[PDB]
Each structure stands twice: as structure tokens, then as C-alpha cells.
Amino acid sequence: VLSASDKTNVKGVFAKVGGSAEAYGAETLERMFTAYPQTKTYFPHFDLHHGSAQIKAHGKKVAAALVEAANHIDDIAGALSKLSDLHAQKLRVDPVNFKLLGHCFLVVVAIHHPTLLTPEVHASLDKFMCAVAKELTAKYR
Amino acid sequence: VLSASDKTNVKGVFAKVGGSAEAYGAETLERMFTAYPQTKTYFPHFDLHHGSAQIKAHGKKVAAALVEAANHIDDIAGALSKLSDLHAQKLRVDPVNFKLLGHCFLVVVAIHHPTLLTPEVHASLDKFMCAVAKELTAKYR
Amino acid sequence: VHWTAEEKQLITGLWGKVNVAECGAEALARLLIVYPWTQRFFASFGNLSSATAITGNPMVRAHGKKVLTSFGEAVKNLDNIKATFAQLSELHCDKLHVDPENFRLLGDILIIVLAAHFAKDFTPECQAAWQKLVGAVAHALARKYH
Amino acid sequence: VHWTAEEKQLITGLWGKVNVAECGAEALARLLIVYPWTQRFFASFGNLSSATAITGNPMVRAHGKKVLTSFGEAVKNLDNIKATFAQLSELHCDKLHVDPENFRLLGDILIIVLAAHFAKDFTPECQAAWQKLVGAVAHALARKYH
Ligand code: HEM
Ligand code: HEM
Ligand code: HEM
Ligand code: HEM
């Protein structure tokens, strides 16, 4: 789980992210649909075109959810309860797609905040997004 | 994490395992060193010969630890505290070796208790051994 | 994969007593229930709401035979697995897009059905023989990715 | 892996501004600290107790260049990666026995060092171009497993 110092880091970036998390939300999503096009399968109902307001809108929601989880960081589970079910019972997203998503967010925070993304913070934000990944898939294991 | 019904299952086998868990402990270990010989690297100090009292002794300890975790199943973390550090700080066992170990235990419980290993229990005992795996590697993430 | 003789013996001989209809169905059923995100791919099989509904579902129980039959085919041309699955590569890679991890999962599960079925006759070296086969088969599906 | 032209351009052109000494060291340093079970393999590098000790360790910082240099070599013969790493396959598979997952981890990490380094110039399609390369290189190491 999260260390007391992990959380220092996790939160820090998210503030150093701030309200910018609308654009990062999309940028990560687009990076997923480009670098990992087999992810496109899950949004057949979307216009998966660059900039498409769908991926932009969906973007905000995604970061916003992370924003919300790194605030209730002592209780990520309950902060993402409603999503855990959707992502496992309706959607059935393969566990491995979560690895990919986190990866692209780290790429996003690196590009925009490289003088913050130090190995120690690299670790923490992985460890965070691993446990964000885990609780969204609780209906598998 | 573990469901209240998961635990019904987890515990059940372990009783239906019982004191037999000395021999199962070895059988799983040997199945790891045969089916996955790249695991042998971690015990260069051992005689990794079939039946070798080393792998037999080490066997008991391993199951015994699982035995103990599925008893303190509400608090596996603290039940395996002392091992988490050893397996990450001295030993540095690759996370993927844990997948393999659990797999061979399931093979072991299947061979010996197939009319107990029903898909539902297959699930539960995976989910258990996943969270046994997780807390032993807490110093990574 | 450089095969051993005892491995071919072990694979073909344990393959002997395999009832692919059951094993195959049970193998898929276990894939469907233990890793339930796999059911996404069989939305065309209909009722998979419950463990009970999955484990007698004619399509699961029918498809299960199909997939295991296919495993058999590898057991015949062990040295030529690359091409036995070549096409079902495109099926699983270009059309269906299943993440290759699933091929091990369904292959790890297979090892358990085998184990419950043949009990002590499933020795650790047999288990290891079948471990390679399954590992070989999943590369052969995967082959058409990278 | 059927390469695209824009991909080769993207790979070779971003490879242009790469300083392998730094990137390589930083890349390994991040592998050593983020996935600390990798340090097991570099017990011969001495002091890796702390994140601080790892990120200036001459051997890490020296070895880091070595490994990235090797990445470069792929960037040259992109169509011939299978054989560029053929030998370092045996190194990593028969001698060292590193689980191939690590090759992606160290390859996933590489993508992040690249990203922090070249900022907006690291567009999602570039990221994707480099994603394949890294994915290709890890198969090429792995090739001598199954
Ligand atoms: C940390 C990881 C993730 C977070 C924080 C996240 C967040 C969200 C949120 C907040 C929603 C609700 C949007 C709505 O109300 O419609 C959602 C929906 C969704 N997510 Fe994710 N998600 C994550 C991972 C994934 C991954 C890996 C996939 C892979 C395909 C995925 C696919 C979807 C889909 C398909 C929807 C439904 C949207 C629709 O069809 O309208 N998510 N996600
Ligand atoms: C559920 C998984 C596991 C359990 C319950 C478990 C249990 C144990 C226990 C109880 C010990 C202490 C024995 C002692 O006091 O010396 C131990 C030690 C050890 N375990 Fe594990 N273990 C697990 C997974 C692994 C894996 C995957 C490896 C892979 C190589 C591993 C390698 C070792 C080693 C090398 C030792 C030290 C023994 C020695 O050198 O004397 N363990 N394990
Ligand atoms: C690991 C070994 C596997 C083998 C040997 C295998 C083999 C096959 C075979 C022989 C077919 C039938 C093709 C036909 O009837 O023309 C098939 C269909 C299919 N397989 Fe697989 N498969 C494997 C793993 C997987 C996995 C892991 C998934 C998904 C998670 C998957 C999804 C499918 C789907 C969706 C179909 C089509 C179902 C249908 O016809 O309605 N397979 N597979
Ligand atoms: C993914 C791409 C990787 C590449 C391209 C790569 C490449 C190389 C190269 C070029 C060498 C130097 C051989 C020599 O100097 O003669 C080397 C050495 C080594 N690599 Fe890797 N490597 C990779 C991943 C890994 C990973 C993931 C691990 C361990 C987790 C690993 C462990 C080692 C070790 C232990 C050595 C020997 C260190 C020494 O010389 O003291 N490598 N690698």
C-alpha cells in the first residue's frame, strides 16, 4: 500500500498538476489510443479522432477521478467504488490495459513536470496508480 | 481483497489440507523447481535434489506460513510482516516468481483435492495467494 | 523449442487419457469464471451471469472442445507448432485482439484441469513437459504481434 | 515487425538528440529504484542501498551507457533487430536468467526518460514509434526462451 512519504509525493504532483488535469486527462488518453491502439476496442461508440471532444470530455472525467482518489488517498477503495463495478461488471476491461493507462499518465506528467518526476516520485506515482488500478478491478479477485 | 465467502473457501481447503501441509509444501516447491527451473537460482545454497531434506524442510515452513496466513485471513499483511522484508530487502525475489509458486500449489491442491477444487474455490484460492503474494512484496510498491 | 523425447512421450501419453469434451469445457469454464474479464470475448455465448450458468453453457462446453481439439493438433506436430496456430494467430491478434497474457492464463488453467484429472500420474516432470507445450502454444498464437 | 517510414524517421530523429550517457544512466537508475528487485542482478555494482547512492553509482552510470548504446544499435539495423540482440539473448536468458517482463519494465522506463527529456517534441505518435522499438528489442532478447 501507500507509505506516508509516498502520499507526500502523490499529492504534490497532483497539486503541481492542479486544474491542468483536464488537458492531461485527454493527453494520456490519446497517448493510450496511439501507443496502444488495441485499447480502442473498448470505445467503439466514440469518435477516437485526435482532439475529438469525446476523448477530451472523457479525459477530464478520468483525471478528475484520479484527482479525487489522491485526495481520499487513505481510502482509495471507497473513493473509486462506483467505478470498480462499471469497469469489471459491465465493461470487463482487461487488467493489463490499466498498466498501459498509468504508463501514459507517467509519460504525460514527465513531459510537463520532468523536474518533479524524480525516481522517488516515479516510484510513488506508479505505486499509487497500481492501487488505483487494483481497486477498479476488485470484482476479478 | 478477500470476500466473506472467499474466506469460507480459503479456510475450507486448508482444513481439508490440514497437517498434510508439510508434504504439500514440498510437492509444490519441487513442482516449482521442475516446471520452472529458473527459480533454482534463489537457492544456490540448497541441495535441489528430489526429496532432499532441504526442500522438504523448507516445504513445511512455506505451507506453514500459508496455514498461518489463512488463519489470520482478516490481516494477512501483519501475519506475513517478517517475510515481506526478507523477500524484498535481502532476497529481492522477482514478483513473477510468486505467480509461479501459487500456480504449483493450486496444481498440488488439485491433484490431492480435485472434488474440492471447483471453479469458485479455484477463484478464491488464487485471490488468496494473490494477496499472499502482494504483501510479501510490499517493499517494492 | 528443442523438444525432449521423454517430453514428447509425457505429452502424448497423458494426452492419451484426455477427454477433450470435458477437459476443454472445464478448462474454458474455469477461464471464464476465474478470470471473468475473459467473458467479454464470449458475449456471443449468451448466459454467463453465474458460475453455474457458465459451467453447463452448451457454447462454452462446445467451444471448450474446439480449443482443446486444437491443443491436440500441437501434440501431433510438436516440432511444427509455429504453423499449427499461425492462422488462429490472426484470429486472436488482428480480429479479436486478446492480450497474450490470457493465453498463459488459459494455459495455466489447462495445467490445473489436467492435474485434477490425472492425479498422481501428473508428476512434476509431466507438469513441466506440459508447461513448455502450453508456453509454446501461447507464443505461436502471439507470434503475430511483435 | 513491419516498420513504417515515419516510424524510422521518428526513431532515428529523436535518437538524434539522445545523450546516451545520461539517458542510459538515468534509465537504469530508474529501473534500479522503481523496480528494486532488479538490483539483485547488479550486486557486483556495490552500493545500491539508497536512491541517492544508485543515481550516481559510476557502474550504474557507466553500465547505463552500455545498455543504451545497445539500443542505438537497434536504431541502425531496425529491420535486423532479431540478430542485433541474439547473443545478449543468451547472456540474459541462459546465464543471467532475467524474467522477460523486466525487459519491458526497463523499456517502459526508457519511454519515460525520453519523455522527460524531449518534452512536447515527444508526440504520442513518436511515443508509439518508440513503444514498438522497445517492444521489438525485448522480444529479441527474449527470443531465446521459448
Ligand atoms: C486509472 C485508470 C482509470 C481511471 C481513473 C478511469 C476513469 C474513468 C471514469 C471516471 C469513467 C466514468 C466516465 C463516465 O461517467 O462515463 C470511466 C469510464 C470508462 N472507462 Fe475508464 N478509467 C480508467 C481505466 C480504464 C481503462 C484502462 C480502460 C480501457 C479501455 C477504460 C475504459 C473506460 C470506458 C470504456 C468507460 C465508459 C465510458 C463510456 O463508454 O461512455 N478505463 N473511466
Ligand atoms: C506464497 C509464497 C511464499 C511463501 C508463503 C514463502 C514462505 C517462506 C518462508 C516461511 C520462509 C522462511 C524460511 C526460513 O525461515 O528460512 C521463506 C524463505 C525463503 N523463500 Fe519463500 N515463500 C514464498 C515465495 C517465495 C518465492 C516465489 C521464492 C522464489 C525463489 C522464495 C524463496 C525463498 C528463499 C530463497 C528463502 C530463504 C530460505 C533460505 O535461503 O534458507 N519464496 N519463504
Ligand atoms: C491459449 C490457447 C488458445 C487456443 C489454443 C485457442 C484456440 C481457439 C480455437 C481453435 C478457436 C476456434 C476457431 C474456429 O472455430 O474457427 C478459438 C476461438 C476463439 N478464441 Fe481462442 N484459443 C486460445 C485462447 C483464447 C483466449 C485466451 C481468448 C480470450 C480471452 C480467446 C478467445 C477466442 C474467441 C473469442 C474465439 C471465437 C469464439 C467464437 O467462435 O464464437 N481464445 N480459439
Ligand atoms: C531491455 C533491454 C536491455 C538491453 C538492451 C540490455 C543490454 C545489455 C547490454 C548491452 C549489456 C552489456 C554486455 C556487455 O557489457 O558485454 C547488458 C548487461 C547486463 N544486463 Fe542487460 N539489457 C537489458 C535489460 C536487462 C534487464 C531488465 C536486466 C535485469 C533485470 C539486465 C541485466 C543485465 C546484467 C546483470 C548485465 C551484466 C552486468 C555486468 O556486466 O556486470 N538487463 N545488458
# chains A, B, ... in the order shown; residues from 1 in each chain; ligands from 1

$ calpha_fit_and_write --fixed "chain C" --moving "chain D" --output "compact mmCIF listing (two decimals) with C-alpha atoms, in the first residue's frame"
# COMPACT_ATOMS: atom_id res chain seq x y z
CA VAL D 1 11.64 -25.03 -28.69
CA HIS D 2 14.07 -28.00 -28.73
CA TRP D 3 11.92 -30.89 -27.58
CA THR D 4 12.98 -33.84 -25.46
CA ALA D 5 11.86 -37.39 -26.16
CA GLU D 6 10.59 -38.03 -22.64
CA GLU D 7 8.72 -34.75 -23.03
CA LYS D 8 7.05 -35.95 -26.26
CA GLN D 9 6.27 -39.27 -24.56
CA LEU D 10 4.94 -37.44 -21.49
CA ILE D 11 2.82 -35.08 -23.58
CA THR D 12 1.45 -37.70 -26.00
CA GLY D 13 0.89 -40.29 -23.25
CA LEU D 14 -1.01 -38.01 -20.85
CA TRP D 15 -2.77 -36.61 -23.94
CA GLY D 16 -3.83 -40.23 -24.37
CA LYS D 17 -6.24 -40.30 -21.44
CA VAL D 18 -7.62 -36.80 -22.07
CA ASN D 19 -11.31 -36.45 -22.73
CA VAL D 20 -11.27 -33.19 -24.65
CA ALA D 21 -15.02 -32.61 -24.44
CA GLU D 22 -14.92 -32.42 -20.64
CA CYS D 23 -11.38 -31.10 -20.10
CA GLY D 24 -11.94 -28.49 -22.81
CA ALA D 25 -15.27 -27.29 -21.35
CA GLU D 26 -13.98 -27.33 -17.79
CA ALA D 27 -10.84 -25.52 -18.95
CA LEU D 28 -12.80 -22.77 -20.62
CA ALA D 29 -15.37 -22.67 -17.77
CA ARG D 30 -12.50 -22.11 -15.35
CA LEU D 31 -11.05 -19.40 -17.66
CA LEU D 32 -14.48 -17.74 -17.80
CA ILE D 33 -15.04 -17.74 -14.03
CA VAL D 34 -11.55 -17.35 -12.50
CA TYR D 35 -10.59 -14.57 -14.86
CA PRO D 36 -14.05 -13.14 -15.54
CA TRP D 37 -12.83 -10.35 -17.84
CA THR D 38 -12.39 -13.13 -20.43
CA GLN D 39 -16.21 -13.44 -20.71
CA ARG D 40 -16.11 -10.11 -22.56
CA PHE D 41 -14.87 -12.08 -25.55
CA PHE D 42 -17.74 -14.58 -25.42
CA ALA D 43 -20.72 -12.16 -25.35
CA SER D 44 -21.96 -14.25 -28.28
CA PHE D 45 -22.27 -17.30 -25.98
CA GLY D 46 -25.20 -15.65 -24.16
CA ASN D 47 -25.78 -16.58 -20.48
CA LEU D 48 -22.58 -16.22 -18.42
CA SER D 49 -24.08 -14.31 -15.43
CA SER D 50 -23.36 -17.11 -12.96
CA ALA D 51 -20.67 -19.68 -12.35
CA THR D 52 -23.46 -22.26 -12.62
CA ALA D 53 -24.69 -20.82 -15.97
CA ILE D 54 -21.13 -20.81 -17.35
CA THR D 55 -20.23 -24.39 -16.42
CA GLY D 56 -23.04 -26.03 -18.41
CA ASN D 57 -23.35 -23.45 -21.18
CA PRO D 58 -23.54 -25.57 -24.39
CA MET D 59 -21.46 -22.97 -26.26
CA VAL D 60 -18.76 -22.85 -23.58
CA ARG D 61 -18.99 -26.66 -23.24
CA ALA D 62 -18.98 -26.92 -27.07
CA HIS D 63 -16.32 -24.27 -27.72
CA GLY D 64 -14.21 -25.82 -24.96
CA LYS D 65 -13.84 -28.97 -27.03
CA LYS D 66 -12.88 -26.85 -30.08
CA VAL D 67 -9.96 -25.18 -28.30
CA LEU D 68 -8.68 -28.36 -26.69
CA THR D 69 -9.00 -30.25 -30.04
CA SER D 70 -6.62 -27.52 -31.23
CA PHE D 71 -4.23 -28.28 -28.37
CA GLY D 72 -4.26 -31.90 -29.58
CA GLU D 73 -3.13 -30.72 -33.03
CA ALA D 74 0.01 -29.30 -31.38
CA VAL D 75 0.58 -32.63 -29.62
CA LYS D 76 0.76 -34.24 -33.11
CA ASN D 77 3.19 -31.80 -34.84
CA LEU D 78 5.09 -30.76 -31.70
CA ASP D 79 8.09 -29.59 -33.77
CA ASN D 80 5.80 -27.58 -36.02
CA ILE D 81 3.67 -25.58 -33.55
CA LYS D 82 4.75 -22.26 -35.14
CA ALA D 83 2.48 -23.00 -38.10
CA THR D 84 -0.26 -25.11 -36.39
CA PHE D 85 -1.55 -21.91 -34.81
CA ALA D 86 -0.38 -19.42 -37.49
CA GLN D 87 -3.89 -18.58 -38.59
CA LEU D 88 -5.55 -18.59 -35.19
CA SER D 89 -2.78 -16.03 -34.54
CA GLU D 90 -4.52 -13.59 -36.93
CA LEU D 91 -7.84 -14.62 -35.41
CA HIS D 92 -6.64 -13.81 -31.86
CA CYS D 93 -4.37 -10.89 -32.77
CA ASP D 94 -5.91 -8.92 -35.65
CA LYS D 95 -9.60 -9.71 -35.28
CA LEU D 96 -10.21 -10.48 -31.57
CA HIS D 97 -7.12 -8.66 -30.12
CA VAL D 98 -6.78 -10.76 -26.97
CA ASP D 99 -3.83 -9.69 -24.74
CA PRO D 100 -1.32 -12.64 -24.88
CA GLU D 101 -1.28 -12.88 -21.09
CA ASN D 102 -4.69 -14.58 -21.45
CA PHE D 103 -3.09 -17.40 -23.48
CA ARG D 104 -0.93 -18.26 -20.46
CA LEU D 105 -3.87 -17.83 -18.11
CA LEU D 106 -5.92 -20.27 -20.18
CA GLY D 107 -2.78 -22.35 -20.39
CA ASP D 108 -2.04 -22.17 -16.68
CA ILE D 109 -5.66 -23.22 -16.07
CA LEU D 110 -5.30 -26.11 -18.51
CA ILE D 111 -2.43 -27.39 -16.36
CA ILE D 112 -4.82 -27.44 -13.35
CA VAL D 113 -7.63 -29.32 -15.12
CA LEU D 114 -5.01 -31.87 -16.20
CA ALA D 115 -3.77 -32.08 -12.61
CA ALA D 116 -7.23 -32.64 -11.04
CA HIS D 117 -7.97 -35.22 -13.72
CA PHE D 118 -4.87 -37.45 -13.68
CA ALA D 119 -3.89 -37.03 -10.02
CA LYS D 120 -0.52 -38.58 -9.09
CA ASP D 121 0.04 -39.67 -12.72
CA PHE D 122 0.62 -35.89 -13.31
CA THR D 123 4.21 -35.92 -11.92
CA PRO D 124 6.21 -32.67 -11.63
CA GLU D 125 8.23 -33.57 -14.74
CA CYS D 126 4.98 -34.23 -16.66
CA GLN D 127 3.67 -30.87 -15.36
CA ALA D 128 6.91 -29.35 -16.68
CA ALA D 129 6.54 -31.10 -20.06
CA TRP D 130 3.01 -29.70 -20.38
CA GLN D 131 4.22 -26.34 -19.09
CA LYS D 132 6.50 -25.98 -22.11
CA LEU D 133 3.79 -27.14 -24.62
CA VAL D 134 1.35 -24.57 -23.28
CA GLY D 135 4.10 -21.93 -23.25
CA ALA D 136 4.97 -22.90 -26.83
CA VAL D 137 1.35 -22.71 -27.95
CA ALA D 138 0.89 -19.24 -26.49
CA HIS D 139 3.97 -17.88 -28.35
CA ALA D 140 2.57 -19.49 -31.52
CA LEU D 141 -0.68 -17.54 -31.09
CA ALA D 142 1.22 -14.44 -30.04
CA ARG D 143 3.73 -14.81 -32.91
CA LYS D 144 1.73 -12.31 -34.96
CA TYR D 145 2.08 -9.41 -32.56
CA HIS D 146 5.67 -8.22 -32.42

$ residues_near_ligand --ligand "ligand 1" --cutoff "6 Å" --atoms "only C-alpha atoms and all ligand atoms" --output "count of residues only"
13

$ select_by_dssp --residues "range 27-130 of chain B" --states "alpha helix (DSSP H)" --output "number ranges by chain"
B: 27-35, 53-69, 76-79, 81-85, 95-112, 119-130

$ residues_near_ligand --ligand "ligand 2" --cutoff "10 Å" --atoms "only C-alpha atoms and all ligand atoms" --output "count of residues only"
59

$ residues_around --residues "residue 13 in chain B" --least-positions-apart "4" --cutoff "10 Å" --atoms "only C-alpha atoms" --output "number ranges by chain"
B: 8-9, 17-18, 109, 113, 116-117, 121, 125

$ atom_distance --atom1 "CA of residue 50 in chain B" --atom2 "CA of residue 28 in chain B"
11.9 Å

$ interface_residues --of "chain B" --to "chain C" --cutoff "9 Å" --atoms "only C-alpha atoms" --output "PyMOL selection string"
chain B and resi 27-28+30-36+103-104+106-115+117-120+122-124+126

$ interface_residues --of "chain B" --to "chain A" --cutoff "7 Å" --atoms "only C-alpha atoms" --output "list in words"
residues 1, 127, 138 and 141 of chain B

$ decode --residues "range 51-92 of chain D" --atoms "C-alpha atoms" --output "mmCIF file, in the first residue's frame"
data_model
loop_
_atom_site.group_PDB
_atom_site.id
_atom_site.type_symbol
_atom_site.label_atom_id
_atom_site.label_comp_id
_atom_site.auth_asym_id
_atom_site.auth_seq_id
_atom_site.Cartn_x
_atom_site.Cartn_y
_atom_site.Cartn_z
ATOM 1 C CA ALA D 51 18.199 6.072 -4.221
ATOM 2 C CA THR D 52 20.956 8.680 -3.873
ATOM 3 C CA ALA D 53 23.718 6.013 -3.971
ATOM 4 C CA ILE D 54 22.154 4.400 -7.059
ATOM 5 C CA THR D 55 21.758 7.574 -9.123
ATOM 6 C CA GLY D 56 25.465 8.494 -9.125
ATOM 7 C CA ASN D 57 26.923 4.995 -8.932
ATOM 8 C CA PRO D 58 29.725 5.015 -11.569
ATOM 9 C CA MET D 59 28.897 1.411 -12.514
ATOM 10 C CA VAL D 60 25.178 2.106 -12.909
ATOM 11 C CA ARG D 61 26.030 5.422 -14.633
ATOM 12 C CA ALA D 62 28.655 3.566 -16.726
ATOM 13 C CA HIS D 63 26.598 0.432 -17.412
ATOM 14 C CA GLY D 64 23.633 2.671 -18.271
ATOM 15 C CA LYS D 65 25.526 3.999 -21.266
ATOM 16 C CA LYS D 66 26.394 0.413 -22.311
ATOM 17 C CA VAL D 67 22.761 -0.674 -22.475
ATOM 18 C CA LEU D 68 21.548 2.448 -24.233
ATOM 19 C CA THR D 69 24.474 2.245 -26.731
ATOM 20 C CA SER D 70 22.953 -1.174 -27.473
ATOM 21 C CA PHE D 71 19.542 0.409 -28.037
ATOM 22 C CA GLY D 72 21.245 2.678 -30.584
ATOM 23 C CA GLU D 73 22.489 -0.402 -32.451
ATOM 24 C CA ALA D 74 18.837 -1.418 -32.962
ATOM 25 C CA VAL D 75 18.062 2.082 -34.254
ATOM 26 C CA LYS D 76 20.673 1.455 -37.011
ATOM 27 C CA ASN D 77 19.547 -2.032 -38.197
ATOM 28 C CA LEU D 78 15.850 -1.635 -37.326
ATOM 29 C CA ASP D 79 14.867 -4.418 -39.763
ATOM 30 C CA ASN D 80 17.503 -6.699 -38.278
ATOM 31 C CA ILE D 81 16.842 -6.473 -34.518
ATOM 32 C CA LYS D 82 16.362 -10.267 -34.253
ATOM 33 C CA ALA D 83 20.116 -10.718 -34.632
ATOM 34 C CA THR D 84 21.393 -7.431 -33.060
ATOM 35 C CA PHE D 85 20.456 -8.857 -29.662
ATOM 36 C CA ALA D 86 20.839 -12.589 -30.463
ATOM 37 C CA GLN D 87 23.837 -13.014 -28.201
ATOM 38 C CA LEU D 88 22.715 -10.773 -25.379
ATOM 39 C CA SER D 89 19.721 -13.151 -25.527
ATOM 40 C CA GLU D 90 21.962 -15.993 -24.246
ATOM 41 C CA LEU D 91 23.515 -13.542 -21.803
ATOM 42 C CA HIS D 92 20.088 -12.568 -20.379
#
